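Sequence order for the protein chains is B and Y. To get the deposited numbering, take the position in the first sequence, counting from 1, and add 1. To get the deposited numbering, take the position in the second sequence, counting from 1, and add 52.
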Amino acid sequence: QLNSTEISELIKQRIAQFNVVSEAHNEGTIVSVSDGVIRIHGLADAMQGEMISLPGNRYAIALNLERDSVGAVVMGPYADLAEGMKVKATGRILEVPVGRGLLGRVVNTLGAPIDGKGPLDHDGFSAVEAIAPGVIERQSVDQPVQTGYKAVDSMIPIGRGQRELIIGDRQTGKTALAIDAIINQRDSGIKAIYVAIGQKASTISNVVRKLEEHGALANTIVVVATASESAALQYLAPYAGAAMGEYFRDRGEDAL
Amino acid sequence: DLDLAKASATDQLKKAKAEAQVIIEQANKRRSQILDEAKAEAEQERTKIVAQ
Ligand SMILES: Nc1ncnc2c1ncn2[C@@H]1O[C@H](COP(=O)(O)OP(=O)(O)OP(=O)(O)O)[C@@H](O)[C@H]1O
Ligand SMILES: [Mg+2]
């Protein structure tokens with residue numbers, strides 16, 4: 002049942018959540034723009050890897066802290082910017098939402114939803130840049146990951162926690178094998194994540210539609226960076242995808 | 053051995069006609085198995101499609 006009253010109540014709740022009192026912030030100015038790279042003057046309090054908020058809803062990543070400038074990259078279409086625009090510093094190091102409420106959603110590498118479903122529910126944030134658990138914290142892999150195919154379960158078996166590279170030429174069945182692996186975990190209690198970097202968009206929609214067609218979609222997170230989008234978004238796509246998978250790992254669950 | 057040969061050739065000819073029929077009978081049974089399993093899989097597939 003679609004219900005107007007519950008939407009109105011939610012909007013009122015957002016008004017209540019808003020805090021009117023302001024907070025002091027360190028500010029800076031865009032100095033130069035080219036190819037998604039940015040040079041910023043100011044931001045004396047910035048840290049490397051920080052998220053800088055630009056005009057609009059777009060963000061940038063601080064890469065170099067030079068003596069008198071900051072080198073940064075825009076996470077979106079950079080053409081709309083111009084020298085002199087004010088940029089504010091969110092102390093947040095690059096972050097993205099995490100939680101089990103993400104299952105069944107299509108999401109941008111910045112955590113924003115790309116599907117028409119609506120706003121996103123998450124169990125806080127996890128950092129995109131982190132160092133993996135050390136040698137003592139690891140455990141031997143001792144459980145199977147049953148994908149659909151006969152060959153790879155018989156000749157090249159994969160254990161939970163293993164890393165296995167599917168390699169071949171173009172139009173050789175790489176994508177089909179991977180998503181059939183996802184689809185066979187539909188009932189095995191293993192959560193699945195699919196990260197699409199640089200694929201043609203129509204492909205991604207068809208893949209999600211086939212995942213839905215077999216009922217696996219409710220067990221998957223899908224992260225999308227199309228071939229049209231800025232190179233920085235593509236470069237950071239797999240790191241965001243990794244940040245989501247670690248949520249299940251650290252709570253004692255299994256993910257693919 | 054003329055009497056014997058005529059009788060025995062007829063017994064052989066009988067045998068072949070009979071066994072041809074039992075092969076064809078078993079083939080129609082296997083047909084029926086294949087088609088009934090076709091009906092079964094048709095229904096199962098439809099049960100998936102409606103949920104989608
Ligand atoms: N088991 C299979 N039997 C027959 N055809 C198959 C099988 N698995 C995949 N294919 C076919 O392989 C073709 C390409 O599949 P897929 O998109 O997975 O390839 P790819 O190598 O990953 O491609 P790309 O590099 O463009 O992403 C399709 O035509 C698909 O039908
Ligand atoms: Mg592919």
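Here a beta-carbon is modelled for each residue, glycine too, at the ideal position from N, C-alpha and C.
Relative to ligand 2, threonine 176 of chain B has its C-beta within less than 6 Å of a heavy atom.
Per DSSP, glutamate 24 of chain B has no beta-bridge partner at all.
Excluding sequence positions up to five before and after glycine 242 of chain B, its CB lies within less than 7 Å of the CB of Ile194, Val196, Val224, all in the same chain and listed in chain order. If only uninterrupted beta strand (DSSP E) runs of at least 3 residues are considered, those enclosed by the stretch 85-151 of chain B are 87-94, 96-98, 107-109, 126-128. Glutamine 2 of chain B has its Cβ no nearer than 6 Å to any heavy atom of ligand 1. For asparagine 58 of chain B, there is no enclosing beta strand (DSSP E), as DSSP marks it with neither H nor E. Around the Cβ of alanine 73 of chain B, a 10 Å sphere holds 16 or more other Cβ atoms; the residue is buried. Annotation: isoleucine 31 of chain B to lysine 151 of chain B spans about 56 Å, alpha carbon to alpha carbon. For the pair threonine 6 of chain B and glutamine 18 of chain B, the Cα-to-Cα distance works out to about 18 Å. Checking the 6 Å criterion, the Cβ of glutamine 172 of chain B is within range of a heavy atom belonging to ligand 1. Three or more pairs of CB atoms, one per stretch, sit closer than 8 Å, so the stretch 245-256 of chain B contacts the stretch 179-194 of chain B.
Using a C-beta cut-off of 8 Å, the stretch 56-70 of chain B makes contact with the stretch 27-42 of chain B, since at least three inter-stretch Cβ pairs fall below that distance.
Per DSSP, reduced to three states, the secondary structure at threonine 30 of chain B is strand.
Judged by pairs of C-beta atoms under 8 Å, the stretch 92-102 of chain B touches the stretch 123-132 of chain B, as three or more such pairs exist.
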